[PDB]
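In structure tokens, the next block holds one chain alone, the form deposited in one PDB entry.
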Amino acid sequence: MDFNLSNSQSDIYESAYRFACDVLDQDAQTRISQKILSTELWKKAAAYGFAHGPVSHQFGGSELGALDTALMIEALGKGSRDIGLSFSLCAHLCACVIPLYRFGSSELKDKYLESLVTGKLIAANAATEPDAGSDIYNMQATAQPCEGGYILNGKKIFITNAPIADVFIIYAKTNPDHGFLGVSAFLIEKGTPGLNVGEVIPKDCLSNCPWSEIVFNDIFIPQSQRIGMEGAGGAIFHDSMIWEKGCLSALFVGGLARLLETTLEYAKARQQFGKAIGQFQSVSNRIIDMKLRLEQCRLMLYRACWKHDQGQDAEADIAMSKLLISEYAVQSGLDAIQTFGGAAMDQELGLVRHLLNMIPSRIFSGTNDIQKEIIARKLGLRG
């Protein structure tokens, strides 16, 4: 039992924080106003190390553990206001880089993995369908085995980075008779015949992070582009969602640290009735809730990541962390707005935009109701 960061960990955090503040955050307000995702800036962030995670040196990574990866991303969330860019980068890392590294063949990693790790190629993962969201393993896209590979048909929706991706990590049924066990994973390239990437679909939350639909019309997937074994795609997807839950939770912990600092400063500086508004218990009680949340969920995340690094079973701990972090991110966004009153409406301050950016955290990587189902299953409440 020790709650100090090592010097190595402290350095990883502080280097990422400096990069987020001095490189990504500079000019962020202009990009946010114009709903711009700067792919040149994204590539600098990827190459700096945010697209590396646990990837080995062989492929350009630093062989970071889960806790180190989470610290980097916590720093990113605290230091850069451009949370849409950060979300895009973490989706690429967790849903695309990491499954390719963990399950790809030597051939497939040799062709694509270092390019994803350095951000030379941007990747999108495509699992969700119009009738398969929480019930993801009822997806109906089909990768029908054929001579030389697969014929792919289907439609995927809500695909982060699809309008800017060079490659797609896609999930489809190689055996449509089964659910989880009938899914396989594939890498396909932008521009392959039959791949139709939709136009960006705007949204108010994470508004500069592009997503769209993609449609597959008789795409030929060469055999060598299957990721992992036939029928293992359900497990690959599930594994990538454990990494995703943990890393976006880190982003929102860092965002909550930033929000708390802003909110404390305001509550000390803004006077009404001849005293700082933080002196009224209605005001200070909400700020204390924000502090309690931050301290609790940061510890849950660190323990979940450290257990993983130790080889222990950390999946329930990650589901608990994601459930807490996203709920606390939304609630604390509301509490900050209430602290500021009318001044919260100011687009330059970004407090309403911050709440909008947190609203999808309770949906992404499995909704929080699904996290409860995962925890219930680990607790033995599901048969």
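Quick note: we count residues from 1 along the sequence shown, nothing fancier. By rigid core we mean the largest C-alpha set that fits within 1.5 Å across both forms.
Only in words, not in the display: the form deposited in another entry, which the text now covers.
A.B. asks: Overlay on the rigid core first, then point out the one of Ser106, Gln312, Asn196, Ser282 whose CA is displaced 2 Å or more between the shown form and the other one.
C.D. replies: One residue passes the 2 Å cut-off, namely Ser282.
A.B. asks: Align on the rigid core first; then say whether the Cα of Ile359 has moved by at least 2 Å between the shown form and the other one.
C.D. replies: Comparing forms between the shown form and the other one, the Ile359 CA shifts below 2 Å.
A.B. asks: Does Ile12 move its CA by 2 angstroms or more between the shown form and the other one when the core is aligned?
C.D. replies: Shift of 2 Å or more: no.
A.B. asks: Superpose the two forms on their rigid core, then report whether the C-alpha of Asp25 is displaced by 2 angstroms or more between the shown form and the other one.
C.D. replies: Result for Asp25: no, shift under 2 Å.
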